[PDB]
Every structure is written in structure tokens, then in C-alpha cells.
């Protein structure tokens, strides 16, 4: 099975598998049942921003989601990455719909990682930034329904000709290169990610959400992970 660390922007309450009763952001460590959540006043049709940060000094994974002129939703959690992930991983965005639906449109995505070994500036780093996406975005691995379209955006889940979202869709985008996120010789390991997103839904209840995730390098969309499993997990354990 894949190993997943994720921050979920969960638009649909699946109370029967642990979700609080409202849209929420959550920190997911090898399970769709979030280790920590916070209430998220999601806004239909508006562009939001997510920021995810980790450092190995405090060993705290944190995330904040916001819209311009609204209160932010924020969540933090203890995590030792040497403990949960392999040394080398890929990073990605995932989204899904199920019975209920929403656009899962990514307008920008940036990531930076740094791994300072043993010595006094002996730092390896990777940074990438996408402020638009091309039709052939060769440095992304697109999985499932994910496409990079005419608009210059990444559509994680299937969108019709008119821009209207489709149900029972799942897609991910992974950065092409593996990332060295820990090494036992590192004096400080750290990363950050940011992305801007447009979740819009004709439905009463949008579903199901978007996540930034870190996985084993050979991760793929697990079977039956559309809808509530957010393209990340094979089951709800």
C-alpha cells in the first residue's frame, strides 16, 4: 500500500467515517481519518489560497486556508517524517468528486524543500513554481482524470465543455522528480507548499475536496478512492 501524508480541504461531511459535521481542513497521516481538523468556511466560486509548512526543528506540520477578506482556517500537528515517510517521496495535489461534485481547479502551485545535512551550509534544495500550466506540462505526472487545459489551469477532476463539474471523478498531479524530504544526517529538513484553488459547484453540497500530499514515489490512485477517500486512500480505516 501507499504511504500518505496529506492536508485535506474537505468540502463534504462524511460523518460516518469520522468527519466533523462541517467543511474542514485536516491533517491526514496514513489514514483518511484526520489526526486534527479545523472548521473551514468554504466559499463556493471564490479563489482561495492554501499554505502548508513543515520544519524538523519543531517537527510540526501546519496548514492555513483562506480567502481574501475572510478569516483563515488553520491546523497543526506533531509529525516526525523519518517516522512516517520514506526518505525519498513525491509531492502532489489530489481531488475527487462522488455523488456530489465541484470544480477542483488549481490556478497556481509552488513547493520548496531543503535538507541540511551534518555540516554548516550543506543544504540540498528543490523549488518549483507553476503560475500557469501548459497543455503539455511534462514536469507533472498526471493521474486519473487530471488535465492541464486551455485556460492555463490544472483541472484535477473532470470538468465539462461549459466548465461544469462531473461526479465520480478523481485526479492527481505529482511533481516529476522525487524529493529528498529526510535523511537521518540532516540538522534541519523543511518544506512549504502553496496553491491557489477555485472550488465551484452547481450542487447544494459541494464535494469532495482537494489535498496536497506527500507519498512514496511510486504512488498511484488507489482503487475505489473516488469521493470521500479524496484519491488518497484504499479504504476508510
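Positions refer to the first chain, counted from 1.
Inset, instruction - Could you settle it for me: does 127 to 135 or 80 to 88 have the higher average Cα B factor in the PDB entry? - result: Comparing 127 to 135 with 80 to 88, the higher average CA B-factor belongs to 80 to 88.
Inset, instruction - Compare the mean C-alpha B-factor of 54 to 62 with that of 189 to 197 as given in the PDB entry, and name the stretch with the higher value. - result: Higher mean C-alpha B-factor: 54 to 62.
Legend entry - Out of 34, 169, 69, 49, residue topping the C-alpha B-factor column of the entry: Comparing C-alpha B-factors across 34, 169, 69, 49, the top value belongs to 69.
Legend entry - Out of 178, 26, 202, 209, highest CA B-factor residue: Top of the list by C-alpha B-factor: 202.
Inset, instruction - Pull the Cα B-factor of residue 219 out of the PDB entry and bin it into the chain's lowest, middle or highest third. - result: CA B-factor rank for residue 219: lowest third.
Inset, instruction - Can you work out whether the C-alpha temperature factor of residue 174 puts it in the lowest, middle or highest third of the chain? - result: For residue 174, the deposited C-alpha B-factor lands in the lowest third.
Legend entry - Within-chain third of residue 229 by Cα B-factor, per the entry: Middle third by C-alpha B-factor.
Legend entry - residue 73 CA temperature factor, ranked by third within the chain: Middle third - that is where residue 73 ends up once the chain's C-alpha B-factors are sorted.
Legend entry - Lowest, middle or highest third - CA B-factor, residue 145: Answer is middle: the recorded C-alpha B-factor places it there.
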